[PDB]
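**Student:** After the C-alpha cells below, expect a handful of questions from me.
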Amino acid sequence: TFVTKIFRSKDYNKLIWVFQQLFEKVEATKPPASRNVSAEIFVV
RNA sequence: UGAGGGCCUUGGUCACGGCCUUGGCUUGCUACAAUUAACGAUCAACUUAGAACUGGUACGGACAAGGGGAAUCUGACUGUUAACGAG
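In case it helps, our numbering puts the first sequence at residues 118 to 161.
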C-alpha cells in the first residue's frame, strides 16, 4: 500500500490516474489532524 | 233506342199576341272496344339559414431571473468516483 501526501494543484489528477494504473483501489482523504487551511491531501 | 230543350209547320180557337192539338244541345237505358287514367286539366299554397374572423400548433432564428467546475471532511442515509444538503 502506497500512502502519500499531495499538494492539490492543476497536476493532481494525473498522479491519481497513475496511481489507479498501478493500484487496484486509489482513494484520497484529509485526516482531521491536518489543518483545514492547508492544501495537503493524503491519498492511499 | 227512349226523355228534355232549340229552329219549323199544320187546323180550331179568343183582339203582331194567348189557349188546345198535329208530324223532324243536355241526359237516361242497352251493344262492341279502353282499362299502363302509370294520363291530363283546374283551384289553391311557396320563397336564398347562415353568422363570426379567435387563436394555440409543430417548425426556422435571438432573450429569457444568473459567475462556473472538481474533490475531501461532515449530517440524516439507497440499490457506483451512488445520490442528497443553497453544511
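Every residue gets a Cβ at the ideal spot worked out from N, C-alpha and C, and that includes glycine.
Considering Cα atoms alone, identify which of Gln-138, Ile-133, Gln-137 is closest to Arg-125.
**Tutor:** Indexing the first sequence from 1 puts residue 125 at position 8. Of the listed residues, the one whose Cα sits closest to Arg-125 is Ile-133.
**Student:** Measuring alpha carbon to alpha carbon, tell me which residue in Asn-130, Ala-145, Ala-150 is nearest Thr-121.
**Tutor:** Taking the first sequence and counting its residues from 1, the one referred to as residue 121 is at position 4. The alpha carbon of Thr-121 has as its nearest neighbour, out of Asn-130, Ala-145, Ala-150, the alpha carbon of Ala-145.
**Student:** What first and last residue would you give for the beta strand (DSSP E) that runs through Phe-140?
**Tutor:** Locating residue 140 in the first sequence gives position 23, counting from the first residue. Where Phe-140 is concerned, there is no enclosing beta strand (DSSP E), given that its DSSP letter is neither H nor E.
**Student:** Tell me where the beta strand (DSSP E) around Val-160 begins and ends.
**Tutor:** Walking along the first sequence from the start, residue 160 turns up at place 43. Per DSSP, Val-160 belongs to the beta strand (DSSP E) from 157–160.
**Student:** Hey, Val-154 and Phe-136: beta-carbon distance below 8 Å or not?
**Tutor:** As a working note, residue 154 is residue 37 in the first sequence. As a working note, residue 136 is residue 19 in the first sequence. Result no, Cβ atoms of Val-154 and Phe-136 do not sit closer than 8 Å.
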